[PDB]
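Below you will find one chain, with nothing else, as structure tokens; this is the form deposited without the named molecule, and questions on how it binds or moves follow later.
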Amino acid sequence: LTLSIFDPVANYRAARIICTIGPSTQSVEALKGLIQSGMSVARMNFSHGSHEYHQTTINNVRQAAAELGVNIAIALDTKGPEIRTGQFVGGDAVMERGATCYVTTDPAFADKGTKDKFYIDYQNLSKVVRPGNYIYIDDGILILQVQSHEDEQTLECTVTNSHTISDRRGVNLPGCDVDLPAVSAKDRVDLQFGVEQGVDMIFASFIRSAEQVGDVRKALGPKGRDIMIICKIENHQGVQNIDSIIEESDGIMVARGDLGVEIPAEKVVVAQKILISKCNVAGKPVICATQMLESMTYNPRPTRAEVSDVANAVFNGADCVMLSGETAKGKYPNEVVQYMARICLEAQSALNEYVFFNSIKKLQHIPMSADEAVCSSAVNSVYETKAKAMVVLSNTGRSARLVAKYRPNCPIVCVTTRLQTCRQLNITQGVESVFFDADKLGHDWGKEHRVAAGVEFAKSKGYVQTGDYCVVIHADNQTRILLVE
């Protein structure tokens, strides 16, 4: 099975890079550097910083993008309802294996935390937890066991294993009945902002059921109905309910570290593998959020261990990689994005599509909807004609997504009148936007001009020469195989 080689990998078919903006990269000029290095999506991290701060980024991103004549997606990454620790006096708190320590629901200790007594923001912890229970902190790396109630606000605990933990970390309480909301009050206000400022997508945190996804859309409301929702799978319950979450969302974001208590470290790879196959079949994008290339926060060149780490992530099927602190607070923002790009390009080698397409087709429920039947059939035509680019006229972009789903061995070029659609398509691998100005240009029930606009593009990008074939779609339902002029 598969006798691969090491040669082509053309410029398209590379994975997509999401950059987290921070002090290192908020400037218009730094953002121009990011865009030029390979940024497709600017990610805002709403667990930190005021609305004024994020307002600035939105402005800067838009200005940088406009200056470079490109469309870059802005993404609101929510804080989420997950229970967190307070902050600590030092840079952190140092936990020791034998030690006993205290945990409080008293707001007084939120800004005062220490290795001996610190704060947890779940104001009802005392009522839910019982002596003998395990409190898992910081991706369940540090484990505490509850000994007794010191008072109606404080719990006596033992440190199960040595580990050093920093400010505001995730607390997990399995074996405790905790019905946390789908959306926190802070999320509710942040989502209003997102809607009002015209963001492209929400990276929803701590989703564990499909029902909770609907809650997020209900918060976004009628005005936010065109905003995509990408779901973070972070604990066991999310993994448990993935099937329902996938086909009820617009994508999935997963992180090797941040997968929760009940998945042991060694079976984390297994889950990554499964979740990627599960998304690839359903045709929705999977964002690899695990932080590789961490050394490049202080170093201009990475390590071959980190290179192989990204390679595997890519080679396995990830469509998007996401950079955190490296772009947000790191020393070499541009150099990081440039290596990602090269690795996302060069580590795509064996990625099959010829029989890979026919496998996804066999796994969809017949009878499929008319527009989906169109798109797959079109991909079919590409392999049959052995050529060579695709032109899709799509307003909401749904048709471009549907085609990508059936992974053709040629570039997909979407032609759109919605500027939002240009941006939102960044997180779809192997698809490129061509904006057609519905106002300034005008007429095209032809639909002459905008098709030619696609072919004009593909030609200039070096995809199609005179004599090549090109497959065209106008679905909601039309298909055409076109000889290049």
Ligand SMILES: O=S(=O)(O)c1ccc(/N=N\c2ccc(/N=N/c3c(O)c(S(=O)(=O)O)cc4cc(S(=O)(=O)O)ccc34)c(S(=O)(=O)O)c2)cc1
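Each residue number is its position in the shown sequence, starting from 1.
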- Message: What does the record say about the segment between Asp476 and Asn477: how many deposited residues are without coordinates (none, 1 to 3, 4 to 9, 10 or more)?
- Response: 4 to 9
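This next part talks about the form deposited with the named molecule bound, which is not shown.
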- Query: Which single stretch, out of 48 to 56, 427 to 435, 455 to 463, 65 to 73, brings residue heavy atoms within 4.5 Å of the named molecule in the deposited bound form?
  - Reply: 48 to 56
- Message: So, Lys329 and the named molecule: in the deposited bound form, are they within 4.5 Å at any heavy atom pair?
- Response: yes
- Message: If we define contact as a non-hydrogen atom of the residue within 4.5 angstroms of the partner, is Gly467 a contact of the named molecule in the deposited bound form?
- Response: no
